[PDB]
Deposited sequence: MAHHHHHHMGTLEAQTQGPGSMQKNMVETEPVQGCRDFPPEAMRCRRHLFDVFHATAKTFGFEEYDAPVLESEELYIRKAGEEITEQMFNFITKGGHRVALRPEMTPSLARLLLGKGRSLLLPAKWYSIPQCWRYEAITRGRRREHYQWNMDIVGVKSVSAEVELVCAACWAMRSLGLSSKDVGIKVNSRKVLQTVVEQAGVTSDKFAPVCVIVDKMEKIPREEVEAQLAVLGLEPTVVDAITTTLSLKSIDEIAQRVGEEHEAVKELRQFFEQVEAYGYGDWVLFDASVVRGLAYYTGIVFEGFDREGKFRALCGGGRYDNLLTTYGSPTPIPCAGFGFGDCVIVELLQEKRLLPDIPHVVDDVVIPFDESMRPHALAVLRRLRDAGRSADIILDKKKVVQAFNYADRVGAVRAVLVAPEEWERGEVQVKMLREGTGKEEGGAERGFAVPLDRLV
């Protein structure tokens, strides 16, 4: 027998599991539409070059790469943001701004799971914190659409500019991104050893509010005015109970320059539900002649499902279909087919019993596939221009009155 299990660290999605995934994705799609984002996509396969950032990122360290037969260094994408930037840079001057683009790519890694799907939402060409406001609200919106509340989850919000200022007011301005990557890992003894290759860092990470950080850098330091505006806008949109300040949040990615944020469950049981931030320099580093402000987030398909399961928000939903058409016997098949065509022509989902079987087993089959209605096509009714209809969740009906 063949190996029936999927390849290492990858998931199968038979119909039952696929209905769950599709329930999650319907939300990602519907939230994007609500928020005016436009869908895009790009090859899962990208040049390895794309991801050579040299900051010790976990995401790049764990890159699922290989060499083609032609000798080209390639990778299954570990994230989407670099692909987005390539696309943006490819368009350059022709792309109208601002742009709001989303996608739900499968992303990969090698080392546990080797794949996941990740909802990506990004705003391009918006300088102001309104971009981050909308992104954080979109993530809250999706979580709320899935049945969660602000009692279940929150979004922690910070700015890297603060640490930047503390890095700046202290000793280069060359390695702010590596430091973030290390500080993101916060085993204190281990983290400090990595930073050797500091006290103001730990202190400012532990500062508990905007007022306390305003004391450290001024009531108008770049980062203070943005956060107050951010919290003020989220407040005004009505999702104020969903967001809060947390100075320990920097994220693991090199390219964030400004506001960063992270979704979490309020019980402390799970990893981040989603993660994002402003990355105003990425496209400059890809060789863009003009700086392109950007901001966005990734929202994985696994952590959220665990949370939804824990909260009893992922009930199995069975397959449904409107009609199951049942030939009384094989002589009625042509006529049953004509009825099938009408039902489908009217926008109904409909099966016809494909195999040879007895009526009562056809009815049982109808029940098992979650049919709302069974339509029996029998000789005596057919000559009266009728079928027998029966609701499952039988009285004779004219063919025209079925739809």
| field | Regions of the deposited sequence not represented in the model | value | 1 to 25, 137 to 141, 202, 218 to 220, 232 to 238, 435 to 446
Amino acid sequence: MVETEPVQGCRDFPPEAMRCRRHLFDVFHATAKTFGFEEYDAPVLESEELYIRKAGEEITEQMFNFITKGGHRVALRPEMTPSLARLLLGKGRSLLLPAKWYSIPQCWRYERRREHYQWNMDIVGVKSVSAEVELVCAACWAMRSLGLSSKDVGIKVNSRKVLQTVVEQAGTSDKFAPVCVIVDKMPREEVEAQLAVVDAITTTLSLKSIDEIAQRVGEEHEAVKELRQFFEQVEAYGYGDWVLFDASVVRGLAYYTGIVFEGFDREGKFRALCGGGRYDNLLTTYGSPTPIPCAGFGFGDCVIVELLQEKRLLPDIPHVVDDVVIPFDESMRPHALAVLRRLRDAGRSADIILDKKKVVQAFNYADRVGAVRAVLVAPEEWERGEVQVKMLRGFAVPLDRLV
From here on, numbers count along this sequence of modelled residues.
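The term rigid core refers to the most C-alpha atoms you can superpose between the two forms while keeping them within 1.5 Å.
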| request: Rigid core fitted first, then name the stretch among 36 to 44 and 63 to 71 whose C-alphas deviate most from the displayed form in 8 other deposited structures of this protein. | output: 63 to 71
| query | What stretch shows more C-alpha movement in 8 other deposited structures of this protein relative to this form, 174 to 182 or 223 to 231, after the core is superposed? | reply | 174 to 182
| message | Please compare 66 to 74 with 369 to 377 and say which has the higher mean C-alpha temperature factor in the record. | response | 66 to 74
| remark: Of 95 to 103 vs 279 to 287, the stretch with the larger average CA B-factor in the entry is 279 to 287
| said: Between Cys294, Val197, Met80, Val260, which one tops the list for Cα B-factor in this entry? | reply: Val197
| request: Sort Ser248, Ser150, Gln164, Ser159 by C-alpha B-factor from the entry and give me just the highest. | output: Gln164
| task | Can you work out whether the C-alpha temperature factor of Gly36 puts it in the lowest, middle or highest third of the chain? | result | lowest
| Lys54 CA temperature factor, ranked by third within the chain | highest
| message | Test of reading the entry: by CA B factor among the chain's modelled residues, which third contains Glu226? | response | highest
| message | Where does the C-alpha B-factor of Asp351 rank in its chain, lowest, middle or highest third? | response | lowest
| Lowest, middle or highest third: where is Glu306 by C-alpha B factor in its chain? | middle
